[PDB]
Amino acid sequence: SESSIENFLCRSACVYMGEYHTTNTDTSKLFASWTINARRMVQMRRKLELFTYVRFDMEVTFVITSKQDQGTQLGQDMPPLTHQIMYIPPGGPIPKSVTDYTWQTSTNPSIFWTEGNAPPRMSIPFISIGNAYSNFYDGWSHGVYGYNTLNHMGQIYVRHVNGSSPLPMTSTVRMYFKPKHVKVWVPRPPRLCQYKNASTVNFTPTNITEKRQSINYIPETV
Amino acid sequence: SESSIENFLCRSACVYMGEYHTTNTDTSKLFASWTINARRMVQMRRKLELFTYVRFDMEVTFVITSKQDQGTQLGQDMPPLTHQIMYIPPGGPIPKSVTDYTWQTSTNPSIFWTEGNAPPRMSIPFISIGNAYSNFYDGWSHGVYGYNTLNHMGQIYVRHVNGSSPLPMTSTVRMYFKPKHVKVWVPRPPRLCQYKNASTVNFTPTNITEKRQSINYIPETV
Amino acid sequence: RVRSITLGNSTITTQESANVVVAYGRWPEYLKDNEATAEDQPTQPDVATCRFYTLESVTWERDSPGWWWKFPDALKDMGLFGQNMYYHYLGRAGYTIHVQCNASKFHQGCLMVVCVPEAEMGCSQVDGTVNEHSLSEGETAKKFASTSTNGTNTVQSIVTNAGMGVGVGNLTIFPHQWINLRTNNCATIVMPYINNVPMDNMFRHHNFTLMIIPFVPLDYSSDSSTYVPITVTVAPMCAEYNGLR
Amino acid sequence: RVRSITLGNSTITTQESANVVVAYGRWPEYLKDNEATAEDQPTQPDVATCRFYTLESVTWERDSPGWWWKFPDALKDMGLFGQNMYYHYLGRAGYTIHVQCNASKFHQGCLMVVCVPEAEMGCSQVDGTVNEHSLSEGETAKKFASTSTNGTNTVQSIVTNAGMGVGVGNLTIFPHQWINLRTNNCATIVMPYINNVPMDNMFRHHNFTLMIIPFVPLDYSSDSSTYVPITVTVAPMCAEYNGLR
Amino acid sequence: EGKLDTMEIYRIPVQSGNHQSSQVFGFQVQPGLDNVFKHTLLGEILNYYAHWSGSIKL
Amino acid sequence: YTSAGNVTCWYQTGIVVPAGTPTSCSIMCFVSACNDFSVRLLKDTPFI
């Protein structure tokens, strides 16, 4: 009953930790970004490789902290900061800067939040025109091996909701991920190799198990 | 079921971002102001131009942050700030300064709020002596073309609720807008032109679609 | 004590005391009527799909790591089944695989016969992309290796990892049979259609892979035959395609 | 006043006031069960046989003697119907032929459309054997001649004898329609399987021949189009082959 | 090229004479992506959604 | 680079006219959607 599929997988984990600033000279360090694939968190990856097709809902909680730079200016009296967290479905537009029009589009679901309150949280349905996600794919996209276009699940963008010419602060986000209502099909043998990259199944040859003294060896009874 | 009218429109967006101070030498930089028309947020504008007459309730949430100026004075121990948010119906008085008597009138609904708490929120009914709002009007006011007097929906004013001779801080407000119980009539073709101003339907002539090589051209099958 | 089976204009003979594995308990069938009811029109040829297609024989010797076949792309030149792979844009099928071998009572050896669904294989070098020609040769079996491979574009086909980075003793989680030469020399596996969509293209996607691996190697003595041939015979079952009208 | 017909993934549109000729009163059908009951096994594909195959258009001008097509060998490259002509050794089918043309009300002309069963044609020179290439080009229409032909291996394709030594005014004994341009511009003929054995080979025997002959030649005036295109669309009906199992 | 702001963009040019094998037109049926179908009434609605499927009447 | 269906039109015969008619002619095309049509995952439009 503790070996049920739901108790084995319905558990939370930190999957991404990014940093983003209020003012900078880089314009890519002004927002935080993460493509959502289930092959780049090594926590849940090996537990999912026991199965061939999976189907679940997704629940995401956010933990956000800030600090003021140690550059020059003290004596401030700042109000609490506001943060925007935008989810893009598979097939939506992608921003390029924090001042883009794409932060304001009516079809990207977004969350606004101010510090001191409870941490924010939203839930995602099973978003696939297919009938299950695919942990394994033996074939081509149309041409990249192993990758198909049915495992698109979206992206996450975070920025500050300041006005104009803000004060210099730097923020950090932790994204916590959790699957719900999980169903699996076609079990597979476990991975007896260390993972090399986050896209393929490539590996180096490793031994089957560890050695002992002889085929008759049994350690002494205490 | 995702193409229903309610799922297509009942979604939130930031429509205005203003800034206002506790003490200044301008007296118009001491409060924040926004006239509420549905032709100055480009998010919801193009989605509304598919219809001729609309009818909805309105829900508005506010996100407010503050900071202390970097001018001279540090070592402060300030209490949390209070903010006043006043809605004026169509046909109410309008303030001219923050010290005006019109901030205290019994018929403008107002919200008082202090920082650290949950963000404030109020709801508005369908306020029109007509039976629907008008996205399009072919005629005169009585004389401005395209503008009638049945789409008056009100204004929003925000200031600080300090005492006398306050400390210098500057605040920022984000207004989030959301329509509810939406009903539409008489569909229209979409807008194949970039919007020029926020009052008229003026435009420049653009091409119907994009070109290709010939009338027989089909790209190669992969 | 011989049963003879006919499909179309094909006839093979098996032993009626053979033992059959159905893959996950599921026979093949057609997709019923109304999952895509409006305009998605299906059809089935049924005529020259249900017949036995016999591949060639492979030679088993003392030093043979194994053989594998991709399904389909191993029936792409097999007559009418390879014809409908060209004309139709979508399709699905199930299969019945017979594997047989001919040995004496003075030989010894042991085979594993397994059908691995979506056997996604890794490249020989770590930061590389696998080529499609190193995955399949069509009707010709590829070969595993008894040592670790190198070069570029090669599949890391050491037999202990089975090209998948898993332990080869754990492929019993898949539909499998054992062939032990001092007992039976036949194996039959029925394989339904398994995918995450109802129909799909047949040149871009490999559904499953048939693998044959010797755990106990073949050995013989003085004047026996130095080889044993293995024979694979495939019958497509309940195949179905998109409509063209 | 337009009817639209779909077969597989093909759609054409006709006029619902069209008039249909069934050849000798007989619709096509399968051979029933038990004329060859014991071991002669039949089968039918049914899937990509019932769909419209559209040939090219021919150009009708002032001096055009006619066009002809051999059935089959005109569908031998038409996809799956040409596939089963290769794999199967025996077969039979019926057909439905639509013939259509596009003209104005300022054109005039008159066509005969006839399907001649076993149109055995004679050679141009008397003591000679006809070549097979002078009988058919496949999908491309051959042409008659308005004068008597010569040379060797040519078919004596003067249009008044129709290549058969008969009078061309007497081809109304066969299943036929007239197309008169001041009236309809469409013709449809349903043609069952007609042979002296139930099944036969499809490369050695030409079952019938479609001929199109203008009796009143096309004429026009000042700025009209100098040509009229004619379009032929063939749907195979109730096709059947030998068993392969 | 040349006719993108005239009414001539909507007309398929049937020419006179005897040309009885040539092609008149051809295009792929891909709404939302292809420039032919992109700005129609069906095309503009399909670009508010990321996954869609159905059947089309021409 | 498509993986989609296509539609083409071919001259079967050619156009025949009488005397005193215009020369060229035109075809127009209309597109619509049938009754079953599904859409999912509301997003932003890439046109403004």
Side-chain angles (χ1 to χ4, degrees), chain A residues 104 106-107 109-112, chain B residues 4-18 31-64 83-95 100 102-113 117-137 139 141-142 146-159 161 173-188 198-199, chain F residues 42:
Chain A
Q104 303 175 0
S106 177
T107 51
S110 181
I111 295 172
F112 291 88
Chain B
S4 68
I5 296 300
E6 189 69 28
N7 290 321
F8 179 66
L9 288 170
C10 187
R11 286 168 190 264
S12 292
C14 177
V15 296
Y16 177 74
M17 283 178 276
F31 63 96
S33 62
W34 184 58
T35 305
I36 310 162
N37 56 357
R39 194 175 282 183
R40 289 190 290 116
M41 185 61 205
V42 72
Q43 188 83 42
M44 188 180 68
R45 181 175 179 179
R46 180 177 164 89
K47 291 170 71 178
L48 285 177
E49 306 301 329
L50 295 181
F51 296 105
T52 307
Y53 308 109
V54 291
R55 185 183 174 99
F56 52 87
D57 297 333
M58 299 185 287
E59 180 181 3
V60 178
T61 311
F62 296 90
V63 170
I64 295 169
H83 301 277
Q84 183 180 7
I85 299 164
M86 182 169 68
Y87 174 73
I88 306 172
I94 305 299
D100 199 2
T102 59
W103 293 98
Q104 303 175 0
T105 173
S106 177
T107 51
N108 289 331
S110 181
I111 295 172
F112 291 88
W113 181 78
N117 287 313
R121 175 177 287 179
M122 62 182 171
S123 181
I124 302 299
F126 176 71
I127 38 158
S128 184
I129 55 172
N131 291 102
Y133 300 127
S134 177
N135 284 311
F136 283 95
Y137 185 78
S141 62
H142 51 82
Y147 180 70
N148 53 356
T149 64
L150 299 180
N151 297 324
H152 288 284
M153 301 185 302
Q155 296 182 359
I156 291 300
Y157 287 132
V158 188
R159 52 95 180 254
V161 201
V173 56
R174 280 87 178 277
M175 303 183 193
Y176 280 80
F177 176 77
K178 176 178 176 183
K180 296 193 266 77
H181 301 95
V182 180
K183 292 176 72 172
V184 294
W185 287 271
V186 189
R188 300 181 75 88
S199 180
Chain F
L42 184 66

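Just so we're on the same page: letters track the sequence lines, and every chain starts at 1. Only this structure's heavy atoms are used, side chains among them; waters, hydrogens and symmetry mates stay out.
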Going through the distances and angles, do B/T52 and B/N135 end up as a side-chain contact (heavy atoms from CB on, under 4.5 Å)? CA-CA 5 Å; B/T52 307; B/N135 284 311; 5.9 Å; no
Output all residues satisfying ring-ring contact (aromatic ring centres under 6.0 Å, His included) with B/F62, sequence neighbours left out; order by chain, then residue number. none
Contact check, side chains of [X] and [Y], non-hydrogen atoms, under 4.5 Å:
X	Y	answer
B/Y87	B/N108	no
B/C10	B/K178	yes
B/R40	B/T35	yes
B/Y53	B/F136	no
B/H83	B/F112	no
B/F177	B/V15	yes
B/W34	B/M17	no
B/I127	B/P90	yes

In chain order, what residues pass the side chain to side chain contact (heavy atoms under 4.5 Å, CB included) check against [X], with sequence neighbours excluded?
X	value
B/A13	B/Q43
B/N151	B/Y133, B/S134, B/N148
B/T102	B/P93, B/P95, B/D100
B/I5	B/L9, B/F51, B/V182, B/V184

Partners meeting side-chain hydrogen bond (donor to acceptor under 3.5 Å, both in side chains) with [X] (sequence neighbours left out):
X	answer
B/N117	none
B/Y147	B/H152
B/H181	none
B/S4	B/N7

By salt bridge (charged side-chain N to carboxylate O under 4.0 Å, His left out), B/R188 pairs with (sequence neighbours left out) none
Residues in salt bridge (charged side-chain N to carboxylate O under 4.0 Å, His left out) contact with B/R45, at least two apart in sequence or another chain: B/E49
What are the two closest non-hydrogen atoms of [X] and [Y], and how far apart are they?
X	Y	answer
B/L150	B/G130	CD2-N, 4.4 Å
B/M153	B/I36	CE-O, 3.4 Å
B/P109	B/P89	CD-CD, 4.2 Å
B/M122	B/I111	SD-CD1, 3.6 Å
B/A118	B/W113	O-NE1, 2.8 Å
B/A38	B/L48	CB-CD1, 4.3 Å

Nearest 0.5 Å, please: how far is [atom2] in [Y] from [atom1] in [X]?
X	Y	atom1	atom2	result
B/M86	B/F31	CE	CZ	9.5 Å
B/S199	B/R39	OG	CZ	6.5 Å
B/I94	B/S33	CD1	OG	10.5 Å
B/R11	B/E6	CZ	CD	10.5 Å

Tell me the salt bridge (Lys or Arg N to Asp or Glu O under 4.0 Å) pairs involving residues 50-63 of chain B, sequence neighbours left out? B/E59-B/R121
Looking at B/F8, does the NZ or CZ of B/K47 lie under 6.0 angstrom from its six-membered ring centre and within 45 degrees of the ring axis? yes
So with a 6.0 Å cut-off around NZ of B/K180, is the heavy-atom count from everything else above 12? yes
